[PDB]
Each structure stands twice: as structure tokens, then as C-alpha cells.
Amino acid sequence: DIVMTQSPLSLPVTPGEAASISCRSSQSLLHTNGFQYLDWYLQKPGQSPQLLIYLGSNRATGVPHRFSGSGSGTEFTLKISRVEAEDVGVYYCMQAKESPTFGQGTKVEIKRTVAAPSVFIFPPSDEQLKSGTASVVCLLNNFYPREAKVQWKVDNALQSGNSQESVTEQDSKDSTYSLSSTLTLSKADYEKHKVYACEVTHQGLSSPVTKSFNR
């Protein structure tokens, strides 16, 4: 029912500088008892969520002054100062004025100089071929920022609908991402074509790069 909107949905920050997130609600979160029912939670990669701020502006025990929550009514702000890698994660707002709802989360990451992916292509192993399936893998390694696009080609025909991919979390040491993509064909379909090609477009690349192999 009450709707929570958070912007931006992802927020890169230079180590050391400040970050601000907005949370906007479809209606006031101020109760007649005079409390402002807005809480911020942080979820760090692969951990439970944790409470940062309750009631607009109260820090939960252990949360440092660097985190500052404010605003009221239908407008709230979480400011994070002196951002370090340890702050990376998704920040959600949540109202408890009525049946609670969350906003959709703001991914906070560390900003670094743009970096072009190193690309690799792997044929399916002779080993897996014995059983009717062929998986062709593409690795886009150590890049920044996160947007990247993989296009598969099979004898130069554009593939669609037969690939899946996922991306690592940001390396907190080097602040990059890696991406893995998998083209699955059937052994028969694999054996009747020759050129298997991984085409990659990023922002660190002057033009799209291709890695390929024959067999």
C-alpha cells in the first residue's frame, strides 16, 4: 500500500567522499504519537540486513557518526561520510507507519577509474560432450563500471535466448567486477557449426572486442 521510492538505485563514491540517498514515500510517515516511522537498513554482500538508523534520525548502537539520517513527512535522506569499502552494499529504507514496506534498495559502490574487461573464451570440454550438451563460457574479467554487454555468435549468427550470466560483487581490494556468461547448445547443434565468438561492449573499450575459437 504505502510506496517507498529510493534514488538513485546505484551510487558510486570515491573513497573518502560523501554519499547521499533519498527515500520518498507516497504519503507521510509521521504518526499522531509524533514519531516518524522510517528506518534505514544496510545489507552487506552475503550478510543479513542490519539496522543503521531508526525513526528518521537515530543511530543504532555501534553505527558511527559518519552515518546521518534526516528529513520527515514524505522525504528522508541518509548521508554517509568518508565512504570506505566496508560501507559497500545495498541500503534499504522501510516505513512502519502502516503495513511495512521497503524501498527497492540503493547499491553503494566504490568509484574508480574506468577499466576495460580482459575477455576469455572457453570451449566445452571433450568430457561434457559425451552427454548431449555443450556449454561455451565467456569470462569478462576485472572491469569497471559494472555495465557490460555480452553478445554470442555462432558462425556469426547472433544468439538470443540460450545464454545466462552473473556478475561478482565489487572486489574491495581493486574495486572491479567480473562477469561470466554461458552459451548452452546441444551436442548436435555444437558439432555442425565452427566459429564460436564472444562479443563484448564496455565503456573502457574504444570499440566492441571479440574472442573466438574454432571447433
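Note that residue numbering follows the sequence shown and begins at 1.
Relative to one another, 23-31 and 57-65 have unequal mean CA B-factors, and 23-31 is the one with the higher figure. Stretches 184-192 and 160-168 differ in mean CA B factor, with 184-192 having the higher one. In the PDB entry, the Cα temperature factor peaks, among 50, 175, 178, 70, at 175.
Which of 135, 77, 95, 113 has the largest Cα B-factor in the deposited entry comes down to 113. Remark: residue 90 belongs to the lowest third of its chain, ranked by C-alpha B-factor as recorded. The entry lists a Cα temperature factor for residue 142 that places it in the middle third of the chain's modelled residues. Residue-level temperature factors show residue 101 in the lowest third of its chain, judged at the C-alpha atom.
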